[PDB]
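Asks: The structure under discussion is supplied below as structure tokens; questions concerning it will follow.
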Amino acid sequence: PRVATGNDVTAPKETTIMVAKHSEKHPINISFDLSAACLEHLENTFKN
Amino acid sequence: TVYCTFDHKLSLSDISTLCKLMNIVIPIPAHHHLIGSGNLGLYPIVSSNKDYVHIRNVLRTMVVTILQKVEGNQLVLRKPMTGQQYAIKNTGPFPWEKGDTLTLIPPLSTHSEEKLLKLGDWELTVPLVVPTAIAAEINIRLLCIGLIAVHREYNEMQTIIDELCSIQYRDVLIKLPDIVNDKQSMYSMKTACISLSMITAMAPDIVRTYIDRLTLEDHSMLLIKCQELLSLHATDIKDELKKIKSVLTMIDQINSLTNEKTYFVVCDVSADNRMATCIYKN
Amino acid sequence: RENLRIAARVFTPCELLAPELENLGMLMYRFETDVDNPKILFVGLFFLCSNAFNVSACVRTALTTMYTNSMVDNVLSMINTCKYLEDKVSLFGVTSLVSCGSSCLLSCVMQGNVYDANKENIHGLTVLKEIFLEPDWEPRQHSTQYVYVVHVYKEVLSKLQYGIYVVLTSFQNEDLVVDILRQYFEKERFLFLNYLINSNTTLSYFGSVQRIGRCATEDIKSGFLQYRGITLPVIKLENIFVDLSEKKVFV
Amino acid sequence: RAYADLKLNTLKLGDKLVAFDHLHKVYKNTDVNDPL
């Protein structure tokens, strides 16, 4: 919005601004391992 | 349209004088939709050294408007468009034969004081309108005053100026006093000096022969006056065309020196010759 | 409806208009030719700014790589074998409506603002950033500036080299503009006061200025053009009331 | 003329209620600076 000018002043032109804000992107990760003996005793009972 | 407002109330004598002064070109530097007392006219520059050529240069830079429809303190100035028809009241002391081109000239200071406006340390300095012939005449005189005043003598500067300055065109005596002798004539003579050197070096063999051949054949009395100032050709014709073209271009350059841009072209003139119509803007 | 702009339809072989078939709004030049079948042949502003001398070697070779074919090589040879430049080629107007047919059709604007039809996306004049300069007392003085194109020659001991300048000025008066241009151009001017006597080529001046038309001060914006990846810095005037005047020469 | 009701920031200076404010809300985003 602009103000009206008085005597001897340049009337400023109508100003329209278009901007565009981009997105930063950032992944995260998490690792955890399981041992092979943990994997063996995880799924089966060998014998009860 | 540029509206002028002086912020100061004017009297009935002032509105009568502006009614007398309606339809006159006034230059403004501002280029706004509004102007006031400070930028109207030529007074905001004619306090700086009063040099005629300085006023002439900035008056070339100015933007011209036409007075219209003064409603009291408010003062309309039309910005006149290119080639359209406009009515102008004249101020130059001239008889204004129709159809001539017109330029816009700084006000030659007459001995009588102006009656246009003087209000609160501010006058209405209106530049004059003149025909292009007398405009170029004045510019010749400016360049000539510089050519003489680069040369230095004692009690001869006045002897040149009083003879040269008072000129007459269409039964009108004008004069230009108090030349400061700035270097304005020195530059605008310097390119002339350059171009005259080029006229010397590039002028053909036909032409300075053409004087002597014309005189030795026949004679006329103005040719005898030109003689007072004065005192094989085997197919080089394309070179002659080129040399005459170069000499013509130098004469175009020195003409562009002393020339002033025509600002108006007259069609109809009133019998009183106070107002005239034009179809032009640059 | 209403238009009030003055255009001209144009046929030109498509070899010469290599990036100018892609970026609307360019100066165009008429080049008359002693060959009678193409009597007139139309020339890009950048195509002649190739052998302009103002342009630095990087920009010159970059747009030469934009401007390398046989037809353009022959036309540049014809332009160089012409004695002077300014009245064998000539100013013509501003590009709009590239058609890109076999022999491509161009509209070209003589007067008014640069638009094809329907008055969407009114184009603008595109001037190379190297080839302009604004010699004035105050830059961008108060308001809208007149844009002029100046042709300036130069002589490096063999031949003549032309140079293409564009000036932007608040001054309307041609006398004031040539008076500020002689102050800008005095050095090579004295070089031509040496040269034009010993020369036999039919020319009579140092350069010439001619008005393109009006611009607007807040409508000057920077940028670049790119054709085949060649980034080229330009300064884009946005809205131009094209107002051609006569050539005014100066020595 | 028509009368309405509104709020103002007042000060008391010797039984004198004085409106007391800033024009920054009308000079937030313009071309001109605040003339004070």
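Asks: So, in Å, what gap is there between the alpha-carbon centers of region C:100-141 and region A:1-43?
Replies: Using only Cα atoms to place each centre, the spacing works out to 38 Å.
Asks: When the expected Rg is taken as 2.2 N^0.38 Å, what fraction or multiple of it is the alpha-carbon Rg of region B:1-147? List each step's numbers first, then the result.
Replies: Numbers: Rg = 15.6 Å, N = 147, 2.2 N^0.38 = 14.7 Å.
Rounded to two decimals, the normalised Rg is 1.06.
Asks: Treating cross-link reach as a plain straight distance, find the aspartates and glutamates whose alpha-carbon is under 13 Å from the alpha-carbon of B:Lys89, omitting any fewer than eight places away in the same chain.
Replies: Qualifying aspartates and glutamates at Cα under 13 Å: B:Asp268, B:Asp272.
Asks: The protein assembly as shown: percent of C-alpha pairs farther apart than 37 Å? Walk me through the numbers on the way to the answer.
Replies: Numbers: 101473 of 190036 pairs.
Beyond 37 Å sits 53 percent of the P(r) for the protein assembly as shown.
Asks: Grab the beta carbon distance between B:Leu10 and B:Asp171, set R0 = 35 Å, and tell me the FRET efficiency rounded to 0.05. Walk me through the intermediate numbers first.
Replies: Details: r = 36 Å, r/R0 = 1.04.
Once the sixth-power term is evaluated, E becomes 0.45.
Asks: So what is the relative contact order of region C:141-251, in percent, for Cα pairs below 8 Å that sit 6 or more residues apart? Working shown, then result.
Replies: Values: 178 pairs, mean separation 32.9, N = 111.
That works out to 30 percent.
Asks: For B:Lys261, go through the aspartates and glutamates and keep the ones whose alpha-carbon is under 17 Å away, minus same-chain ones fewer than eight residues off.
Replies: Reachable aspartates and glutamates: B:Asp100, B:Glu137, B:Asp252, C:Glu174, C:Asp175, C:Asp179, C:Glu246.
Asks: While we're on this one: Given the rule -39500 (n - 2.57) for each run of at least 4 DSSP H residues, summed and divided by the residues of chain A, what is its mean residue ellipticity at 222 nm, to the nearest 500 deg cm²/dmol? Walk me through the intermediate numbers first.
Replies: Details: 1 runs with 8 residues, N = 48.
That comes out to -4500 deg cm²/dmol.
Asks: Compute the Kirkwood hydrodynamic radius of region C:66-177, taking the inverse of the mean of 1/r over all pairs of distinct Cα atoms, and give it in Å to one decimal.
Replies: On the way: mean 1/r = 0.0577 Å⁻¹.
Averaging 1/r across every pair of different Cα atoms and inverting gives 17.3 Å.
Asks: What is the Cα centroid distance between region B:227-243 and region C:209-243, reported in whole angstrom?
Replies: Region B:227-243 and region C:209-243 have Cα centres separated by 47 Å.
Asks: Then there's this: Mind listing the long-range amide H neighbours of C:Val114? Cut-off is under 5 Å, sequence gap 5 or more, other chains count too, H placed in the peptide plane at 1.01 Å from N.
Replies: C:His123, C:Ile240
Asks: Please average, across the residues of C:167-179, the number of beta carbons from any other chain that are within 10 Å of each residue's own beta carbon, and give a whole number.
Replies: On the way: counts 0, 0, 0, 3, 2, 5, 7, 3, 7, 4, 0, 3, 7.
Counting Cβ atoms of other protein chains within 10 Å of each residue's Cβ and averaging gives 3.
Asks: Amide H to amide H under 5 Å from C:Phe53: which residues, 5+ apart in sequence or cross-chain, H placed 1.01 Å off N in plane?
Replies: Counting only residues 5 or more places away or on other chains, the set is C:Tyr162, C:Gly163, C:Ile164.
Asks: To one decimal place, what Kirkwood hydrodynamic radius in Å is obtained for chain B from all pairs of distinct Cα atoms?
Replies: One over the average 1/r among Cα pairs gives 22.0 Å for chain B.
Read-outs: derived from the displayed coordinates by stated rules, not from any lab. Neighbour counts run over all protein chains shown; Cβ positions are idealised from the backbone, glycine included.
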